[PDB]
Amino acid sequence: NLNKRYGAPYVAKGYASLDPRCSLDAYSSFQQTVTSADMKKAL
Amino acid sequence: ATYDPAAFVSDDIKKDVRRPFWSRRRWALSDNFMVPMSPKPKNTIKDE
Amino acid sequence: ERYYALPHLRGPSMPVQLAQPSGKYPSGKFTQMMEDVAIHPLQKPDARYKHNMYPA
Amino acid sequence: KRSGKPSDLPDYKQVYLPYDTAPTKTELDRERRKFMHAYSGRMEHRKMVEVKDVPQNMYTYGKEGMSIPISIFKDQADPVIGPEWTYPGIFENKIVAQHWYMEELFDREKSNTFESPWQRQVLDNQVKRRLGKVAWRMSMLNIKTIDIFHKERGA
Amino acid sequence: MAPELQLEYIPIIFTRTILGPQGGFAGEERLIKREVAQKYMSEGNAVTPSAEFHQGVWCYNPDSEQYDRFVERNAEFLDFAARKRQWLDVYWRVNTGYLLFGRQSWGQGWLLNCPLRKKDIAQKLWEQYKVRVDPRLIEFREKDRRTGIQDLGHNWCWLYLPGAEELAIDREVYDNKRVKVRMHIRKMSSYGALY
Amino acid sequence: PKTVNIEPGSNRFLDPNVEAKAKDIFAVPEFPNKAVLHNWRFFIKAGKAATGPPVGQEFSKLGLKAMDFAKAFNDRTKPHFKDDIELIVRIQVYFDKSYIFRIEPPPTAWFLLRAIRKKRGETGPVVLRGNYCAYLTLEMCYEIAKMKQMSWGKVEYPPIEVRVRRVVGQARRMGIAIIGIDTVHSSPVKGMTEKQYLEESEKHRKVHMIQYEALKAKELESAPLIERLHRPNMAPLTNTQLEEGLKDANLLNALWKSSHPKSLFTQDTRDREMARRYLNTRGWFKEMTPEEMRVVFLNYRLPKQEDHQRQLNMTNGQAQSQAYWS
Amino acid sequence: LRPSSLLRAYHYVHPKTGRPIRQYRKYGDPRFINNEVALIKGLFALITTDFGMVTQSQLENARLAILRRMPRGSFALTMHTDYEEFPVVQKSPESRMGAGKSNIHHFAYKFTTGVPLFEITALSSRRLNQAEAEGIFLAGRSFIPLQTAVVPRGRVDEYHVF
Amino acid sequence: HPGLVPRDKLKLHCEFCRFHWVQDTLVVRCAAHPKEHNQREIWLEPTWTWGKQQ
Ligand SMILES: [Zn+2]
C-alpha cells in the first residue's frame with residue numbers, strides 16, 4: 001500500500017531524473033551559433 | 001519534438017464503482033456480463 | 001552489446017491519424033447516460049413525459 | 001394479417017398513351033431486359049437481385065397517361081398519371097428516397113457533400129429514430145431487467 | 001553454403017509488410033532467420049538484395065492488392081527505414097520478451113513484500129533486454145497503480161512507445177502507442193533474492 | 001398526345017371534386033376534453049359493418065349494443081364509396097362510455113397491394129423472400145400519398161413530397177422496388193435521349209425547390225410564434241465544448257446572445273459584446289467575427305428563403321425599424 | 001524424439017511410428033501470457049483472457065449452447081479448431097486396469113491468454129451490440145471452464161480486455 | 001429464496017421486484033410471485049459471530 005506512506009513522487013516516479021528534456025535543449029543550443037562576440041563576452 | 005509522459009500515461013487510483021442498485025436502469029446497463037466469473041476455480045491449469 | 005532504444009521524435013507523440021480504434025464498444029456516455037455525466041439543472045434534457053412536457 | 005388486404009384487384013386501365021411514336025416490339029424486350037434486376041441494400045453490401053412479376057412494356061408502364069387502380073370513391077375512377085414534372089419533388093426524391101445506411105450518409109455530412117439538400121433531413125429523421133429505439137430501450141429498463149438474446153432463439 | 005553450415009540468417013528486402021518480429025515493412029533490408037526468409041522469397045514478400053533492388057523495389061498496397069507501389073530507397077528513405085526499424089525493434093523486443101524476477105515473499109497473501117516500482121521495471125528492461133526507456137512511460141494496471149505490482153506470478157504492465165506517427169506505423173504492430181511488457185515474479189529465499 | 005396540365009408540379013392535391021367529399025367523412029369530431037378509456041381500431045368494409053365479434057364484441061365487453069354504431073357508421077359510409085373499400089375506424093371510448101369515431105382512408109398497405117395487383121402472401125421484403133415483388137414508379141406513389149393525409153382537417157400538413165418518402169419506404173419494406181430508384185436506369189421514354197431526359201430534369205428538379213421552399217416558408221409564417229423563434233445550431237460546437245457547455249449553462253447563454261440574428265432588441269453593442277467577452281475567457285469561438293457565426297449559428301430548420309431573410313436583417317433597414325409598436 | 005511429423009498440428013505423431021507422441025504433462029504449458037493478439041474476423045469473438053486446459057467436449061457443449069441463443073439466418077457461429085490438442089491419463093500404472101487405451105483418447109487444448117474460441121460472424125448487413133453479443137455468449141461462457149471475455153471485430157485491443 | 005451466488009447476479013425480473021437491505025444483505029423482494037422471483041445476496045447469516053462464521 002505504497003504512495004500512502006511514500007509520496008506520489010514514489011511509485012509514479014521516473015527515477016530517470018537524468019535526461020528526459022535536457023538532451024533536447026542541448027541540440028537546441030547546437031543550432032543557434034557561437035562566434036567572435038560569443039567568445040568576446042567570454043574574453 | 002517533446003513527448004510528456006503525463007498526457008497519455010495516466011496512473012489514477014480509480015475507485016471501482018459499485019453497480020448502482022439504487023436506480024433500476026443503471027443497474028441493468030452496468031450488468032457487465034462477466035459476473036460469470038464463477039469459472040474461477042484455480043482449476044488444473046496443466047492437466048484434466 | 002546491443003541496446004535497443006527509441007528513436008528521436010520528429011512528429012506528434014500520440015498518434016492521431018494512426019490511432020487504433022478505442023477497442024471497447026463506443027456506446028458513448030451520452031447515448032446511455034450510465035455515469036460520469038454532469039448537466040446544468042436548467043438544461044436538463046429528455047423528460048418528454050415527465051418534466052419536459054411542461055418545460056418551465 | 002388477412003384483414004386490411006384488397007380482395008378485388010382492378011387492372012391497369014391505360015387511359016391515354018404518353019407518346020405518338022409507337023415503341024416498336026424490337027426495343028421493348030431490349031429495355032425491359034434491363035429491368036428484370038434491381039439493386040438492394042446500399043453499401044459494400046450491394047446486392048443486385050431479381051424482381052418477380054416484371055411488367056412487359058415500360059414505355060407505357062407509368063411515365064404518363066396510365067391509370068392506377070386505387071379506385072376509392074364513387075365518382076373517382078382509377079386516377080390518370082400526369083407527366084413527371086407535374087408531381088412535386090419527384091426528380092428530387094429520386095436523390096433522397098432510398099435505403100440509406102448511415103455509414104454512407106455520415107461521410108457525406110462530415111464532407112458536407114450532399115447530392116441533395118434533403119439528405120440532411122433524411123439523416124436526422126434516421127438518427128432521431130435510432131435514439132428513440134434507445135429512449136424506449138431504457139424507459140423500459142426502469143420497469144424490469146430486459147436482457148437481449150437471453151431467451152432461446154430459433155427452433 | 002554447405003548442407004551442414006547454412007547461414008543462420010540472410011539479408012532480405014521486404015516487398016510486402018509482415019507484422020511478425022521477423023517481419024519487416026516496405027523496402028527495408030533486414031537479416032531475418034533463414035528458415036523464415038526462405039518461405040518469403042517463395043512467397044514474394046522478400047527478395048535477396050541484388051544491386052537493382054538496392055535503389056527501388058515494387059512494394060505492396062492492400063488497396064489494389066498487388067505489387068504496384070514503387071518505394072525508392074534514396075538516402076532519405078534510408079533515414080526513414082532506420083527510425084522506423086529502430087522504433088519497432090523496441091516494440092518487438094519488449095513484446096517478445098518475458099522479463100523475470102526473484103523476490104522475497106514472507107506471508108500468506110502471495111504478496112511481494114517490497115512491491116515493484118516503475119523504476120524496477122525499466123531496471124529489468126535494461127538488465128535483461130537492454131531496452132533503455134523512460135520509466136515515466138510505463139503505466140501500470142488499475143490493480144497496481146496504488147501499491148506497485150506487489151503480487152507474485154504473472155503481472156503485465158503497459159509501456160508507451162510515444163513517437164510513432166511520422167513513421168506511418170499502424171496495422172503492422174498490435175498497438176501503435178503501447179506494448180505489454182510481461183513481468184513474472186518467481187519468489188526466492190534470501191539465498192537468491194534481493195531487496 | 002394530350003398532357004392534362006403542363007406545370008412544374010401543380011398536381012399535389014386530389015381533384016376539388018373528390019377533395020370536396022374527401023374530408024366530409026374523414027373529419028375529427030372534436031375531442032371533448034374527456035378521459036379516453038379505449039382507443040380501438042378496426043378494418044371495416046365500405047358499409048358492411050356487423051354486430052359481430054369484430055365490432056359488436058368489444059362494445060359488448062362493455063355492454064354497448066353495437067347494433068347502433070354500425071348504423072351510425074352506415075349513416076356516413078354506405079354512399080360515397082366504391083364497393084369493397086376497407087376503411088379504418090378509430091373508435092374512441094370516453095369515461096362516460098360515449099364513443100367518437102373517425103373514419104379514415106384505407107391503410108396504405110391496402111393501397112399498395114391494389115396499385116400492384118398482388119394478393120395476401122405474394123409480397124414480401126427481400127430478406128425474407130429473396131425477390132423484389134411487383135414493380136412501381138414514383139409517379140404512382142404520389143397518388144397513393146394523395147389519399148393518405150394525416151390531418152384530414154389540414155389535407156397537406158406533411159407536404160406531399162415528404163408524405164411520399166414515407167409511402168415509398170413502406171413499399172420498399174414490402175419488396176416494392178419502384179423504378180425511379182433501386183435500378184440502374186429510370187423509366188425509359190420514347191421521347192428523347194437520356195441526356196435530353198436528364199437535362200429536362202435538372203431544370204424541373206430545381207424549379208420544384210423554389211416551389212417547395214415557398215410552400216415550406218408560407219407554412220412557417222403561420223407556424224406557432226415559438227417555432228419562428230431562434231434556436232442556434234449545434235453542428236459547430238465540438239463535443240468537448242458541447243459537453244463543457246452543458247456543465248455551466250452560462251456558455252450556452254452567452255452563445256445565444258453572441259450569435260442571435262440582428263433584431264430591434266439585439267442591436268445593443270454591449271449586450272452582444274458582453275457575451276463576446278465571456279467566450280474568449282472560455283477559449284471558445286475567437287476567430288469568427290459575428291457574421292460568419294450567424295450564417296452557421298442559424299436555425300437550420302428554416303426554409304432557405306427565411307434563413308436568408310433573418311441573416312440580412314441589419315440590411316433590412318435594420319430591425320431598428322420593426323419594433324413592438326405600442 | 002518429440003514434436004515432428006505432426007498430424008496437421010492437432011497432435012504430434014511419432015516419426016518412426018504412427019502412434020501419438022505422448023508428450024510430457026507440462027508440455028505446451030499455457031502458463032505464458034500470450035504476446036500475440038488475435039485478429040478476429042468475425043463480428044465478435046470469444047477470447048480466453050486467462051489460461052487453462054479445455055476439453056473438446058467442454059468446447060462442444062458450449063457451441064450447442066451458443067447456437068441456441070443466436071439468430072439463425074443472420075449470424076453463423078464460427079468455432080476455431082486449428083489449435084493443438086493434448087493427451088490425458090496416458091501412463092501405464094497411472095491408468096485404470098491397464099486400460100491405457102480408454103484414458104488417453106480424450107483430447108484437451110492448452111489455451112494461453114487471448115486465444116479466440118468462437119465467432120459470431122455475419123452473413124448480412126445485420127449488426128450487433130456488445131449487449132447483444134455478451135448476451136449470446138453468456139450461455140456458453142458458463143461451460144468453458146476458464147475465464148473468457150467477448151471481443152468486437154478486428155484486432156483485440158488487449159489494453160481494454162484486461 | 002435462491003441465493004444468487006454473487007451480489008452482481010441480482011436482476012429485477014418483475015415490475016414489483018425491487019432491492020432491499022434485509023440486514024446488511026442486498027436482496028430482491030417482490031410482492032407478486034412472492035418467493036418465485038425472490039433473490040438474496042450471498043452473505044453471512046443475519047446473526048453471526050466471530051467464532052462460528054468468521
Ligand atoms: Zn418478479
# chains A, B, ... in the order shown; residues from 1 in each chain; ligands from 1
>>> residues_near_ligand(ligand="ligand 1", cutoff="7 Å", atoms="only C-alpha atoms and all ligand atoms", output="list in words")
residues 12, 13, 14, 15, 16, 17, 30, 32, 33 and 37 of chain H
>>> closest_atom_pairs(of="chain C", to="chain D", cutoff="10 Å", atoms="only C-alpha atoms", output="Markdown table")
| residue | atom | partner | partner_atom | distance |
| --- | --- | --- | --- | --- |
| C:31 | CA | D:131 | CA | 7.7 |
| C:32 | CA | D:134 | CA | 8.0 |
| C:46 | CA | D:135 | CA | 8.8 |
>>> closest_atom_pairs(of="chain C", to="chain A", cutoff="12 Å", atoms="only C-alpha atoms", output="Markdown table")
| residue | atom | partner | partner_atom | distance |
| --- | --- | --- | --- | --- |
| C:8 | CA | A:24 | CA | 9.4 |
| C:9 | CA | A:24 | CA | 10.2 |
| C:10 | CA | A:24 | CA | 11.9 |
>>> interface_residues(of="chain B", to="chain A", cutoff="9 Å", atoms="only C-alpha atoms", output="PyMOL selection string")
chain B and resi 1-2+11
>>> write_last_selection(atoms="N, CA, C and O atoms", output="tab-separated table (two decimals), in the first residue's frame")
chain	number	residue	atom	x	y	z
B	1	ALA	N	9.83	18.91	-30.35
B	1	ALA	CA	9.69	17.44	-30.51
B	1	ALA	C	9.63	16.85	-29.11
B	1	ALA	O	10.53	16.08	-28.75
B	2	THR	N	8.58	17.17	-28.35
B	2	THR	CA	8.56	16.74	-26.93
B	2	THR	C	7.43	15.76	-26.64
B	2	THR	O	6.29	16.05	-27.05
B	11	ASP	N	-1.80	7.35	-14.41
B	11	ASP	CA	-1.81	6.40	-13.31
B	11	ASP	C	-2.73	6.96	-12.23
B	11	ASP	O	-2.31	7.66	-11.31
>>> atom_distance(atom1="atom CA of residue 55 of chain D", atom2="atom CA of residue 200 of chain F")
25.8 Å
>>> select_by_dssp(residues="chain B", states="helix (DSSP H, G or I)", output="ChimeraX atom specification")
/B:5-8,24-29
>>> interface_residues(of="chain D", to="chain F", cutoff="6 Å", atoms="only C-alpha atoms", output="PyMOL selection string")
chain D and resi 4-6+9+38-39+50-53+59+68-70+72-74+85-89+91-92+94+97
>>> interface_residues(of="chain D", to="chain G", cutoff="7 Å", atoms="only C-alpha atoms", output="number ranges by chain")
D: 45, 148-154
>>> atom_distance(atom1="atom CA of residue 5 of chain C", atom2="atom CA of residue 89 of chain E")
8.2 Å
>>> atom_distance(atom1="atom CA of residue 21 of chain E", atom2="atom CA of residue 37 of chain G")
13.3 Å
>>> interface_residues(of="chain A", to="chain E", cutoff="10 Å", atoms="only C-alpha atoms", output="PyMOL selection string")
chain A and resi 1-4+8+10-20
>>> closest_atom_pairs(of="chain C", to="chain E", cutoff="8 Å", atoms="only C-alpha atoms", output="Markdown table")
| residue | atom | partner | partner_atom | distance |
| --- | --- | --- | --- | --- |
| C:2 | CA | E:130 | CA | 7.1 |
| C:3 | CA | E:130 | CA | 4.7 |
| C:4 | CA | E:131 | CA | 4.7 |
| C:5 | CA | E:132 | CA | 5.1 |
| C:6 | CA | E:87 | CA | 5.4 |
| C:7 | CA | E:83 | CA | 5.7 |
| C:8 | CA | E:163 | CA | 7.4 |
| C:9 | CA | E:163 | CA | 5.3 |
| C:10 | CA | E:166 | CA | 6.8 |
| C:11 | CA | E:166 | CA | 5.6 |
| C:12 | CA | E:165 | CA | 6.4 |
| C:13 | CA | E:163 | CA | 4.6 |
| C:14 | CA | E:162 | CA | 5.9 |
| C:15 | CA | E:165 | CA | 5.0 |
| C:16 | CA | E:165 | CA | 7.4 |
| C:17 | CA | E:165 | CA | 7.8 |
| C:18 | CA | E:170 | CA | 6.0 |
| C:19 | CA | E:176 | CA | 6.9 |
| C:20 | CA | E:175 | CA | 6.9 |
>>> residues_around(residues="residue 265 of chain F", least_positions_apart="6", cutoff="10 Å", atoms="only C-alpha atoms", output="PyMOL selection string")
chain F and resi 271+319-320+322-324
